[PDB]
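Undergrad: Requesting a structural model of the entry that follows:
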Amino acid sequence: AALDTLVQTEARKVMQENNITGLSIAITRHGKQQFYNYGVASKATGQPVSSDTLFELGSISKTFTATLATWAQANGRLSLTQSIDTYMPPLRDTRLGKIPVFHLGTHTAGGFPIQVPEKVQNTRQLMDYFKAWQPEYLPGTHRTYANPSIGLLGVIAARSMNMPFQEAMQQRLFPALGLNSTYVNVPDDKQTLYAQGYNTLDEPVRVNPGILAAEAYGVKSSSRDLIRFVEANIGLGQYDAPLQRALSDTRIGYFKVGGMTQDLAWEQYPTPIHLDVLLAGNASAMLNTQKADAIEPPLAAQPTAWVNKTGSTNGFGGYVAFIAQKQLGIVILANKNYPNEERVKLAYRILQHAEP
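TA: Numbering: from 1, shown residues only. Below you will find the coordinate block:
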């Protein structure tokens, strides 16, 4: 009741300050899940937000892409230490092709723009772009957040599984994890649950098709599913060895970037966890190219670390944070792209008081 009164106060304050129409929060504490829903999914329908409302995940999608890769790896189909041209023939004898696959999940392969160039409008043109790519820095010396490199990780993983990326996600990975309402492509009868996004002028919008969109920012999910994905990463679920390893392997620490440790798509912060450090590592300035220091050997999954990922599209803003050792996790999903800093503060405030 106290925790429920706190969540409601913090939730309402952030919605007031950032003009959020709908908000869905889920928390898990030692397997116990609780759900907090506010506002509406659409101003037009007036439908209330619930734990089964679908939101656009934006870059939280990348954590599923990365889990696809390590699952491939845990089934003998993809060793992430191998060069890109081991598992992507069209990049044989290229600069990118020589670089190990893991740099695509860690954002350290050599410099990319955050979006796939507008001149790329089909798969042939995407291949030619990767063929014509030249690095600005050596692999692992700097970190540059980017959909091109992440999206290529997804392509590689699905090619190792002999199927299209959407099929690898929707017919293999998501059901294997027990995610029954998580989608790249939302089918017709689920269309009724898909929240409306609201943009910078508070106008309705949903994310569009784009090259590598599926692979980098195109997953839609409910808070009920996403907190299940958080629980899998905490170490609940009792999946079979390869999937359990896949989950754990995404949270290996490969690089130090200022105060943050860079994993496979996940980012994390070791103890003592302070808000100031979380706010710094989640700021918009972190998208710029940063100096990075390799961790060799890479750090095993750290139970005590705060693991997180921000996710955004033009209409949506999401945030996932969890600590495996305290079996403490949170998902915050909104139909507004509001400041990352408010998302982090909201999570920090709730998890501070969730744990006795």
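
Undergrad: Let me know the helix or strand that residue 66 is in.
TA: Secondary-structure assignment from DSSP states H and E places residue 66 in helix 61-74.

Undergrad: distance between that helix and the chain's centre?
TA: 11 Å (Cα atoms, centre = their mean, to the nearest Å).

Undergrad: Start and end of stretch 245-258, how far apart?
TA: End-to-end span of stretch 245-258 (Cα to Cα, to the nearest Å): 28 Å.

Undergrad: Which residues in that stretch does the neighbour count mark as buried?
TA: Using 16 or more other Cβ atoms under 10 Å as the test for burial, stretch 245-258 gives 245-257. In this view, the C-beta of every residue, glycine as well, is placed from N, C-alpha and C.

Undergrad: I figured residue 68 hits residue 173, correct?
TA: Yes - using Cβ atoms under 8 Å, residue 68 is in contact with residue 173, at 5.5 Å.

Undergrad: more crowded one of the two?
TA: Counted by other Cβ atoms under 10 Å, residue 68 and residue 173 do not tie: residue 68 has more neighbours, with 26 against 22.

Undergrad: related to what we said a few turns ago, out of the buried residues of stretch 245-258, which sit inside helices?
TA: 245-249 (DSSP state H).

Undergrad: which parts of stretch 14-30 are buried?
TA: For stretch 14-30, the buried set under the neighbour-count rule, 16+ other Cβ under 10 Å, comprises 14-15, 18, 20-29.

Undergrad: And those residues, which is closest to residue 111?
TA: Nearest to residue 111 among the buried residues of stretch 14-30, counting by Cβ to Cβ, is residue 18 at 32.8 Å.

Undergrad: next one: phi and psi at that closest one?
TA: Main-chain torsions, residue 18, degrees, to the nearest 10: phi -110, psi 10.

Undergrad: Quick check: closest non-adjacent residue to it.
TA: residue 338 (3.8 Å; Cβ to Cβ, 6 or more residues apart in numbering).

Undergrad: and if you look at residue 207?
TA: Per Cβ to Cβ, 6+ apart, closest to residue 207 is residue 313, 4.3 Å.

Undergrad: and if you look at residue 69?
TA: Nearest residue to residue 69, sequence neighbours excluded (Cβ to Cβ, 6+ apart): residue 157, at 4.4 Å.

Undergrad: Helix, strand, or coil at that neighbour?
TA: Counting by DSSP: H, G, I helix; E, B strand; the rest coil, the backbone at residue 157 sits in helix.

Undergrad: got the contact list for it?
TA: Residue 157 sits next to 65, 68-69, 71-72, 78, 165, 168 when contact means Cβ atoms under 8 Å, 6 or more residues apart in numbering.

Undergrad: again, only using 7 Å
TA: Residue 157 makes contacts with 68-69, 72, 78, 168, as judged by Cβ atoms under 7 Å, 6 or more residues apart in numbering.

Undergrad: Which residues does stretch 70-88 contact?
TA: Contacts for stretch 70-88 (Cβ under 7 Å, 6+ apart): 69, 91-92, 94, 96-102, 156-157, 159-161, 173, 242-243, 245-246, 249-250, 264.
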